[PDB]
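We begin with a single chain expressed as structure tokens, specifically the form deposited without the ligand.
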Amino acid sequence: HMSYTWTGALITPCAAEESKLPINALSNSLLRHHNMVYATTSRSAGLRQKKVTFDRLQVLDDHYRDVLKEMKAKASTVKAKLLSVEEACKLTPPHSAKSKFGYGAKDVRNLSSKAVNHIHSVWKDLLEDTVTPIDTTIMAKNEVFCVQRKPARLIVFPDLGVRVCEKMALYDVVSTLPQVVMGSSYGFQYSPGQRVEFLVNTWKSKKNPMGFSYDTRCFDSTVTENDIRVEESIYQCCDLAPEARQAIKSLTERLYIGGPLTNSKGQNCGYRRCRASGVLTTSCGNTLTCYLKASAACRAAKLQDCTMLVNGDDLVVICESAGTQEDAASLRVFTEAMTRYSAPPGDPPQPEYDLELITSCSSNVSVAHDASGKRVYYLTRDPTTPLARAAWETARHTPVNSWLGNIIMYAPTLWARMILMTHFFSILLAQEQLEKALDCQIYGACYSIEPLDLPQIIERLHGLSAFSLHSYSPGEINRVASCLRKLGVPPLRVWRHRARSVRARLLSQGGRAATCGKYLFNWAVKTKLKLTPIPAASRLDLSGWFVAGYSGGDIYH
């Protein structure tokens, strides 16, 4: 029951890999300790190969079979539709990996003959053959981090032709089914602001609240053939077209169960017997499996009045505390049950009695004050990775602007407002790129966003409180300050000074740019302007946002 078996061939790159931080004229205004910032390359893939290769022991009890019975019952109410080639072709990101059949993502999007004719022949083969393993490509990811070096994470994905067919058969399923099965526990249905409301309300709902979070050591590699087979039966509970049932069955047996791994040089690297990281069902199947395992473990641990919040492998549990001594024991049992379900932890969970202490999605809840001085809870995180990645994005244009994603999702935070908003609006002003659409990742999906619509966007997911946040917790300010010292980032006083200029340059331009300067940079000036609800904020067509997660799913909205 090994996750992977390797022939010997190496995980080869598709190009020359840049590991050191590229420097330009704008770099030093943000970061000075360039050596601390790096990117991962195929040279450290062998380390991760060793880390992701292990044997899986799974023991399934009555708690497991009970939860699944309930899950299949809720799943039976779902009616899902098949997607047309055209619909699936428009969901493909513009820079998605090109086919080994002589066409790219842009040919797929333009609905070219070579692309559409190939998509049709792959679909026909999926309905006619349900046994032959589908070929996947194994690659080492190029991600930017700060030191204290991590080995490169792997990405396993099928051909562009298979990916369009996956969307056709399972896009509606992976988008609709998770909320029906899990209700209010599906985290991807929440905006950052709505997620806080849920956590705070849930914490307040308990007499003596206890909370903890769970992180699985290599979740994708812990996923067994049984787990993937169990996910298929959940999808098969839906009311589906006959063509969609055969395509799901086929994709399961040929792609999702496992298959061979191929490098950039066309060599067989080995065989995969766990979850593929770069398929449409990556996020859905991980959330369902984690939820099934954790719900049954919650029962095994005899945890009182549980409230789960799942998104991929990330899980948060808020319940009624039975005393510190019993609470430590309950969590030991939870861990032991999860381990038997083929999901051991990275670090053992610990009971927490303060919401600000729970860490999930590399984040935590913190307290700040709004304009009136009323306490307001918001979601934050350590700025080290966002800043290291913003530093890379200062010197090089990338397909996913992390800074933009971070400004959208962490808008109320001290670091995103003072550093990110200031630095990039200063660049967009200078380069006259204020009206240019930029791509960013939100819950694993790719979105083209206009930087001028940022104030309206921030109001819908955080409310007017985000533009008025002050008097941050001592611990948060200390975390930002230590991080700036570590990376050689100018202190927050220099950022205040720059923000007044950015604000002034923005206000001068009028229209949407003045609204940007007015709302986003009100914190910089002493003579504050009245920030009222933006009429434009309500008009925003945010349909498609916070519906589901698509990490590794190759989705574009």
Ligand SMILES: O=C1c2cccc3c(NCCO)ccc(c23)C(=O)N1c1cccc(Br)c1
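Under this definition, the rigid core comprises the largest set of C-alpha atoms superposing within 1.5 Å between the forms. We number the residues from 1 along the sequence you see.
Novice: Which of the two stretches, 295 to 303 versus 89 to 97, has its Cα atoms farther on average from this form in 4 other deposited structures of this protein when everything is superposed by the rigid core?
Specialist: Higher root mean square deviation of C-alphas in 4 other deposited structures of this protein is shown by 89 to 97.
Novice: Of the stretches 78 to 86 and 434 to 442, which sits farther from where it is here in 4 other deposited structures of this protein, on average over its Cα atoms, after fitting the core?
Specialist: If we average over structures and residues in 4 other deposited structures of this protein, the farther stretch is 434 to 442.
Novice: What number of residues from the deposited sequence go unmodelled in the gap from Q148 to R149, classed as none, 1 to 3, 4 to 9, or 10 or more?
Specialist: Some 4 to 9 residues are missing between them.
Novice: So, looking at the entry's B-factor column for Cα atoms, which has the higher mean, 453 to 461 or 110 to 118?
Specialist: Taking the mean C-alpha B-factor of 453 to 461 and of 110 to 118, the larger value falls to 110 to 118.
Novice: Compare the mean C-alpha B-factor of 51 to 59 with that of 522 to 530 as given in the PDB entry, and name the stretch with the higher value.
Specialist: Per the PDB entry, the higher value belongs to 522 to 530.
Novice: Out of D215, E86, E232, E253, which shows the largest CA B-factor listed in the entry?
Specialist: Answer, based on the entry's C-alpha B-factors: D215.
Novice: By the entry's C-alpha temperature factors, tell me which of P209, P178, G193, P158 sits highest.
Specialist: Out of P209, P178, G193, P158, the record gives the largest C-alpha B-factor to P209.
Novice: C-alpha B factor of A25, ranked within the chain: lowest, middle or highest third?
Specialist: CA B-factor rank for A25: lowest third.
Novice: By its CA B factor, does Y64 count among the lowest, middle or highest third of the modelled residues in the chain?
Specialist: It falls in the bottom third of the chain.
Novice: Going by what the PDB entry lists, where does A39 fall on CA B-factor within its chain: lowest, middle or highest third?
Specialist: It falls in the bottom third of the chain.
Novice: How does the C-alpha B factor of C306 compare with the rest of the chain: lowest, middle or highest third?
Specialist: Its C-alpha B-factor, which the entry lists for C306, ranks in the highest third among residues of this chain.
Novice: What third of the chain, by the recorded C-alpha B-factor, contains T137?
Specialist: Its C-alpha B-factor, which the entry lists for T137, ranks in the middle third among residues of this chain.
Omitted from view is the form deposited with the ligand bound, to which the following refers.
Novice: In the entry with it bound, does every one of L414, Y472 and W523 come within 4.5 Å of the ligand, counting any heavy atom?
Specialist: Affirmative, all three are within 4.5 Å.
Novice: How about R505: is it within 4.5 Å of the ligand in the entry with it bound, going by heavy atoms?
Specialist: Taking the distances in the entry with it bound, the answer for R505 is no, it never comes within 4.5 Å of the ligand.
Novice: Indicate whether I477 is a 4.5 Å heavy atom neighbour of the ligand in the entry with it bound.
Specialist: Looking in the entry with it bound, residue contacts with the ligand include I477, since a heavy atom lies within 4.5 Å.
Novice: Would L492 count as a contact of the ligand in the entry with it bound, using a 4.5 angstroms cut-off between non-hydrogen atoms?
Specialist: It does: once the ligand is placed as it appears in the entry with it bound, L492 has a heavy atom within 4.5 Å of it.
Novice: Even though the ligand is not shown here, does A481 get within 4.5 Å of it in the entry with it bound, heavy atoms only?
Specialist: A481 belongs to the contact set for the ligand.
Novice: Quick one: find which of 123 to 131, 415 to 423, 263 to 271, 234 to 242 has residues within 4.5 Å of the ligand in the entry with it bound by heavy atom distance.
Specialist: Result of the contact check: 415 to 423.
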